[PDB]
């Protein structure tokens, strides 16, 4: 407790010594509370006018229009300590899984130089604005790096002063850029060197991309076994136990020298003990602490979520196969049995899964998995929207399984080749493209964001009639040479000024390991759509009079947006579609 967090606490107490007060009507039950001090401030969602002017039929669809308007009582819940048998299962599995992940990878520190380049081309690193404005500035100033040095030497000394979380089913904990560096230096290798790639982790999909995920689910479907299970956890980050945080820390057993010590410090001082500043309107700042739950960078969060999810799902598979009888306690011969299962079939069982952070799909050996709930519930990974002891419902068709907020269609091209394409409710796709994050956006910047959505749609959602038409309209309305942008960035092949037909051919044909015939496609008309009824099922407006008038009059909408942006060089992409080709 207070010997590891006191220094951070003491330090904050003193920057607001004219403010401090141990408030009496404080709302925290499960968070240790330490004091308050004076502040007063809050970024809401703005509409992208370029995308909305080119999607007029959607102006009357509540599922689209409501997306642009607008539980912190789940962060304040407590998970019980797992039974001794559960803790044994987790430690054996975690030890074995880090060794597997480490067979073909070398832990290493990430560098200032690597970190600088990241900030100098925008990644959502989650820092705070003070002493310098943006992240960009602080990185070129040498003072910063002395701040970083003091903290670093403090961490080598087993102490911490400035690694404090700032709170804001979402809950995003920003730290100052310095603390993010020290996190990145110690643990960035997990992401930077692709430890959760499919090739390296067998269950993972890190760096895949939506054009790969459906082919991966279809490969899992090919395995002999039972239904496909895709159970979501209720508030995954809130159910991470101190025992989970300790099994994650075992990655330091593969490390050496300084690195081993820097990594141990991040795990001990920032993850297994945390200090957080929260805004309360009754507006003060509350300095609360706790030992458990997830609070890391979004990117280390992804890797450790994937790891701990892989662990939980191998254990649930062990329970379904009757590798152990009870979670109360493992016998000695049950430990040998668990160790032996892992060595004999562990890699085969990883390959039966697709795991992306807290999201999973499992194709178990058979349907006993559905009612194998004791380890899963005791680890605290309680399933969303189903009674705790009710058996899971599995999917009989891989095209119906939900994964990474998508389902996947099998689409046959006129030449017989097979596309496995990503899909979701079209209202969700249109509603997101109509939103910009942040203000101060110029017309040009708003246009370049609309173009990024348009190019993503041409590459991923070309099979949806409304999206191929709206993508062509947006790319016709935005100056041909203007570069697509995004303010927070898997593989993003649509972020380019290259011709989208050439990019389509590279992604879907040339680089696609599931396509044997590499004959290029010569026009967009070779590239198929979903069945018209399937397109409607997935939210198409095809068949409505509003949509017919939009399609027929699209050159008028394009010309409206061209007039607003002004006299620039434009391309007409609409004749890439049969119906505008004269």
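Numbering follows the first chain given and starts at 1. For the two forms, the rigid core is made up of the largest set of C-alpha atoms that agree within 1.5 Å on superposition.
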- line: When the rigid core is fixed in 9 other deposited structures of this protein, C-alphas move more for 498-506 or 155-163; answer is 498-506
message: Please tell me which region, 408-416 or 256-264, has C-alphas lying farther from the displayed form on average in 9 other deposited structures of this protein, with superposition done on the core.
response: 408-416
query: Is it true that residue 130 has no coordinates in a third or more of the other entries in the comparison?
result: yes
Other entries lacking residue 536, at least a third: no
message: So residue 70 and residue 71 are neighbours in the shown sequence, but is anything from the deposited sequence left out between them? Give the count as none, 1 to 3, 4 to 9, or 10 or more.
response: 10 or more
- line: Deposited residues missing from the model between residue 489 and residue 490 number 4 to 9
- request: State which stretch shows the higher mean Cα B factor in the entry: 104-112 or 284-292.
  value: 284-292
query: In the PDB record, does 309-317 or 296-304 carry the higher mean Cα temperature factor?
result: 296-304
- line: Reading the B-factor column for Cα atoms of 117, 88, 368, 239, the highest value belongs to 117
- request: Would you mind checking which of 75, 323, 404, 376 has the top Cα temperature factor in the PDB entry?
  value: 75
statement: So, residue 537's CA B-factor, relative to its chain, sits in which third? The lowest
query: Can you tell me which third, lowest, middle or highest, the CA B-factor of residue 550 falls into for its chain?
result: lowest
task: Using the B-factors in the PDB entry, rank residue 389's C-alpha atom against the chain and give the third, lowest, middle or highest.
output: middle
query: Of the three thirds of its chain by CA temperature factor, lowest, middle or highest, which one includes residue 209?
result: middle
message: Taking only the Cα B-factors deposited for this chain, tell me whether residue 247 sits in the lowest, middle or highest third.
response: middle
